[PDB]
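The same protein chain appears twice below, in two forms, each given on its own as structure tokens and labelled structure 1 and structure 2.
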Structure 1
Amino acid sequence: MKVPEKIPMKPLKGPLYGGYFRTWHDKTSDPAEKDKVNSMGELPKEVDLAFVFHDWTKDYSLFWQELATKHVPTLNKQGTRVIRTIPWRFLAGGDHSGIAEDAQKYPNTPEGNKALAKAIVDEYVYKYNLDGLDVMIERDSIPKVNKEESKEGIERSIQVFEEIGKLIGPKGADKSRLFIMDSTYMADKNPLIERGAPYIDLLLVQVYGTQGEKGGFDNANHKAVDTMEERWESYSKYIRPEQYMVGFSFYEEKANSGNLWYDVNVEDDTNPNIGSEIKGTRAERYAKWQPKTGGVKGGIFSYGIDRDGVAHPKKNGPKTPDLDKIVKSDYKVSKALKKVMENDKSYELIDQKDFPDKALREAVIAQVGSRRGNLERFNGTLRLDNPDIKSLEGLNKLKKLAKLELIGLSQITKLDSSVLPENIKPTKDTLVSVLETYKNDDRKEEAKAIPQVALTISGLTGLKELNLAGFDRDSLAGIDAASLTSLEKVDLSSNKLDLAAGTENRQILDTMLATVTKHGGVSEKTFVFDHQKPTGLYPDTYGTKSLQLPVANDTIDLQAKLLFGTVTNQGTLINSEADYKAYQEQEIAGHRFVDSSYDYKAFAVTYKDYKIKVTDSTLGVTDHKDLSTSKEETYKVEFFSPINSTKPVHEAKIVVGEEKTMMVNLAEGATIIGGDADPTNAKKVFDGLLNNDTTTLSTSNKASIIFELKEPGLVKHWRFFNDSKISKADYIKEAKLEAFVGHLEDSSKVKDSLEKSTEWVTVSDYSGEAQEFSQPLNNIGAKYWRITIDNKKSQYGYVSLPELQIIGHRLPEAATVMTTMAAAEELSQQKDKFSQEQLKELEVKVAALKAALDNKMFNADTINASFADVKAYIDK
């Protein structure tokens, strides 16, 4: 075969139209299927990108001959590129994987994956001298081995995608070939976008049908999901708006259910040509659709463009077999859709009418884009640092800039609303979507507020008038006042500027004031800054983090003591009405700045929906705000804002009397060893949750758990809960806690008497009817524990246990420490010892380690000394 070399073509320019031509509908594919009447070569010049979509189970060798020798030169001559489409699979190997089926020639190794990428471009692109490669990423093309989805193959396809990107596309060795990704997936579900995005020229999203357009529907919340705007935002992380193309489908002959998109007009006997009309179709809506932010899109594309013009069978009308007949298309829908995008307001060029100043127009064109649609949508930074700019006229046409930077424009004498972006001040979005919506969501659809542009000004050494009044600006940050050596008039009134002394706002304001009073008259009209209503925020950090107070019969309000205050965005703490009136009447050069109307309740934060979590040294927790002092105890107070009850906003330790050490729950995450409780819910007793949503049921009516603390320590307390939501009648009514002393009967170690047959020691024996029970315990160092519970109902009692706590202090191998202090007085129980002249010392210690172990303060240093001291007598 004699493949012609590539003829010259102009660069692709938006708006772009794409079409997927199914190869089995080319005349030349099967000269025996005389019903196949179309030809790829007949596509019109309105088609920028013609994808070859093939049935990989056929040869069609005569078609590839016609493709390479007639159709590609014909299409290239009109500016149309011919793109080879391949399934995702082809980059992975495995089932039906094309070239990659030869795993022995292309092994899954670093060198083999580089060889496979090169073979892929050689075979699917360069063989017929095509213009690029389109990898279709969707459920129907996913890597599979023996019909099952291959996570390994997916991992491999990422490696091979990169390697192809080194050969073609914007980062490839051959930048004349496009590298395209088309996908049905949202970006977070696309396994290849994160690594592949830098390598592709274009990203195509297949959004056929009403579910592509409106999103799917979340029936639990009655809200759309995966909407067209959400899909674009998910990929906006990875590609530029002009790289994004959205796809609809024509009607494929004999389409089954699940292949019925209705993207073109439904048939009508009384207008046999309505299939070729586009007005109001989903395809026309995609031609018209534009994201609300970023920029204008790259274009749209059709699936099954050989069916261009066939009308769509009715959803629930009779069989219409005429539509399933194959006919020669005139490509009329495609030509019209292309004209719709070409003539659309968004794609009009930015020109002198938008920006008169030639040098400004060229900085906007370079950073924002060439299209007027982008003025409406671009939401990044605009840097203006060419001093040759003589007029900032036009910048008002920028609607959603994140940041404006005016740097060293020595020729700009004025700044005000006429030469500033529209969102210098608070504004809402005015674009209106062309898409259908789910009326099954009769909820919002409301014009989202646009964030205000950040304003940076420096080196405007000819700026004479700055007027920013009435804009609700939140700060002056970004104004390098010390370069505005030519200021004569400044107005900053009616904003949200905290100008109180000590703030950086004040410094910028004061430096400007220095510039203007060194100039002429500083009249009541020359430097105005009043009527500021700055925003009251929550203090990031609070004042009191610890309070020692005496044991008294007083109920203290912890929230009034520890949590109050409001803070401006510059750090001005206001705790009170009194504080705020002092603030209201602050002054600059004999003039107040805070607005006279600005009430304290207007400005001031509130703590209505805030939550408190008070925890004592024995781990008892309450959410009571008023705390009593009547009891020698040490607490941990925490406050939680309504928006988040997992991380606290402020915490503080409250000591009543002499401080006790904070104990921990040593049973947290304990391992279930044995007993008759259900193992899954037995685990949940120790995971740490007081009212587990999940079922806490241990058995039907009496249960036991043998368990093992992760890190054994010194136990001083225990606690267990019944779950509220249940009646007292179903509460645990008798409990028995036992510790395993006399370690490991018959031992066996790895072989394990699940301790089911030994002499354990009963540490507690509960008999009551309360929701929560807690009790002090006498210094046990056991690692193995058993609890038995009984709610005293019938055999079908379904006894339940949300949480059990074994509470004390972390002491590594405290059992040996206990075994000694116990054996110490039993080697004073052998008592056949003389040592009376000796042992003033042997006693001044088992009553000093004893006295240090029982001290509310837990000093790990003391006890580890005193214990190692007494076993100096293993030497008698």
Structure 2
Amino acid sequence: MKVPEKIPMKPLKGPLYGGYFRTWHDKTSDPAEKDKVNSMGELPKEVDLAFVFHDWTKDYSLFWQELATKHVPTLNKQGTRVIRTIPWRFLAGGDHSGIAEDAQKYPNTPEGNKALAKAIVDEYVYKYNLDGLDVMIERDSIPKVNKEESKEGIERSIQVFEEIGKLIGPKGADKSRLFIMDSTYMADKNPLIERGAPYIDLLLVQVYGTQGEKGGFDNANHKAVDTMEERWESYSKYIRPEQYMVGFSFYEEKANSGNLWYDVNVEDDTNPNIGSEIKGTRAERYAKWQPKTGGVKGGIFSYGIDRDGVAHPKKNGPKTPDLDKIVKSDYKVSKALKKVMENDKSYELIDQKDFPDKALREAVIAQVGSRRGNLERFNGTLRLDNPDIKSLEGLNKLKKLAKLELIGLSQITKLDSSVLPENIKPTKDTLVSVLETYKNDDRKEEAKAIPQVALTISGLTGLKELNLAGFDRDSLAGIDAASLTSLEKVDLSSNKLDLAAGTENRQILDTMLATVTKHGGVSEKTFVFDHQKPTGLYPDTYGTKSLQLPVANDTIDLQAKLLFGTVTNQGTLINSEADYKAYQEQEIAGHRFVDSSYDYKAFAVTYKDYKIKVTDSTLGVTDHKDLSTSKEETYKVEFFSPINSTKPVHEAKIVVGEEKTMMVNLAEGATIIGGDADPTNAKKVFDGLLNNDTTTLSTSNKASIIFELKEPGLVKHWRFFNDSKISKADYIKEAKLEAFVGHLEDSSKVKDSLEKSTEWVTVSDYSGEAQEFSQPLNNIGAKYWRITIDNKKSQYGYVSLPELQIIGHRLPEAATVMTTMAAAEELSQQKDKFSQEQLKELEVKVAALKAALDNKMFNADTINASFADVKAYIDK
């Protein structure tokens, strides 16, 4: 076989129509059976990408013979690229992987994977001098071994996919060949896009039928998921809009349920050619669809393009299989769809009408796009640095620009709305989507806010007039006023500017003022700025984090004393209402700039629905907005926004009377050493959460848990909770807390047996139907604990325990500190071989250790000092 050299071809210029031709429908493959009448080489000019989709069961040696020698030159002359389609599998190996099945010749090694990539390109692209490679990524193509997903194979495919990428495509050694990814996944569930995106020319998404167009439906929230715009946005961070192509499907002969997409016209006896009519179908809708941002899409494609012109059936209608017969396609659907996209507003050419200044056009084509759908969709940054610009006419046609940069445009005289993007001011999306929508959907409903373009101006030495009135700009940043030397008339009115004190807006405003007045032009009609309505923000920080209080009788409002204020973008805190009355009267040159209209209640943010969490030193928490200083504590005060219930916007430190150190829960996430309670439910007794609606039960009627503190400490308090209001009298009624005397560890090899059967010390036992029982503990420095509970109900009483806290200070070696003290109240008890005052000297160095362990301002270093003192005196 001699294969011709590639016919020379134009570069691709969109929009693009692709089509998957199935090899068993070429009359050279299996004509006595499947197909006698169709041929891939008959594809029209309107097809830009002809995809060879092959049944790998079978050889069709005459097809590949006919493809390389006759079909490819024919298609290339009309300008149609021929793309080979291979499965995901082929890049992994194992269980129908084509070339990669030769695991010995191409082992899963860094150099074997480079070898497999070269073999893939040669075998599937170069052998027949095709125009590119298409790897489709879906469930039918997923890497498998013995019919089971290969996480190994998927991971390997990511390595071969980019070895292919540096062989062919935009980053490869042969950029004439195209590298294409075809998929059904949204980027999140495409394991191959992120490393693979830099390596591909085009990206195709298979979105057939209703669910492709409208997306999936979330039955719970009653909205659409995985929509067209959602699917585009998922991929929008890996590709450019011109790389995106969407696919519909033709009716595959003898297709079964699931593969009935209804993307083309349904049968109608009275119109034998209704398929080949294209208006009103999903294929046309897809041809017309354009993402609302970024830019216009690259085109569309079709699966089973050999079936072009066959109408869909509909199942609950006629059982007649008269459509499953194979006929010859005139490809009228494909031609019509290609012409729809080319005669579309979106793909019109940006020309003299839009930007007559050509240096401005050549700066718009290259940074926005060559087509008008991009002015109404582009999403990013347009810098204008070419000084040869004579006129900024047409930027008003940019509708969604993110950032306009005016740099060194000396020859530009005036700035107004007509020479700025429409989203200099608040606007909403004017584009109406083309797709059918879910009929029971509550999403969308309204137009979307188009964010306001950031404007940067520096170097316009010929700018005289600058008008941004009524544009609702939040700030003036990006304007280097110190280089706008020609300024004569200026207007910044009816915006949201701060322009006060040392706000950077003022530095800009005053710098312009000097220039305008140095021209001799302060006159009110020139340089105006009034009627500003600065937006009020929540302060990024809050200043007061401590307040010392006496011991008296009051009810202090924590919010009014700790959480207040409103900030601007330029940074102006107004903690009190009076501050604003001083703000409104701040003046330029004798002129108020804050609108009369705008009151404190409109500017200040509201802490109305904010909520509180005040924790005492014993680790107890209430939810009340006002504190009683009647008795002495040290507190911890946190404030939470309604935006997030568990991330504090402000933390404070209240000290009523003398400071008390803040104790910790030594028991959080403690590990269940034993007991008789449910292990998966018992671990939630220490998950640092009270209202465990995650089912915080333990047994039927009487339970016990043996647990180990992660970090042994100095225990001085505990509390435990019952199932909120979630229950009535199921409330625990008896509870027994025990600790372990270290030495009694019978056989330290095990931990469960030597404790479930041994001797313990009862540190507290309790009786009552109380809601939250809290109590101090006479020291205790144990590591292994036991809790026993009982709701005094019958068998099958299902006792629960939401949260138990073993509360104290973390002091390492606390046991030994307590047993050495124990060995000290030992010795001072007897008088043998103790002088009267020699004992006295010991008894003081004992209570000095006691008093250190009891000073509520826990000083670990000092406790350890007094311990080493008492421990050494026990040594002698």
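So that the term is clear: the rigid core is the largest set of C-alpha atoms that superpose within 1.5 Å between two forms. One-based numbering along structure 1's sequence throughout.
Which of the listed residues (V225, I726, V605, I365) moves its Cα by 2 Å or more between structure 1 and structure 2 when the core is kept in place? The answer here is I726.
Taking the rigid core as reference, does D55 move its C-alpha 2 Å or further between structure 1 and structure 2? It does not reach a 2 Å shift.
Once you overlay the rigid core, does the Cα of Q795 travel 2 Å or further between structure 1 and structure 2? After core superposition, the C-alpha of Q795 moves less than 2 Å between structure 1 and structure 2.
Any CA movement of 2 Å or more for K518 between structure 1 and structure 2, core superposed? Superposed on the core, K518 moves its C-alpha less than 2 Å between structure 1 and structure 2.
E837 CA shift between structure 1 and structure 2 in angstrom, with the core used for superposition: Its C-alpha moves by 5.0 Å once the cores are overlaid.
Please state the CA displacement of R22 between structure 1 and structure 2 in angstrom, with both forms fitted on the core. In the core superposition between structure 1 and structure 2, the C-alpha of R22 moves 0.7 Å.
Once the two forms are fitted on their core, CA shift of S747 between structure 1 and structure 2 in Å: Residue shift at the C-alpha: 2.1 Å.
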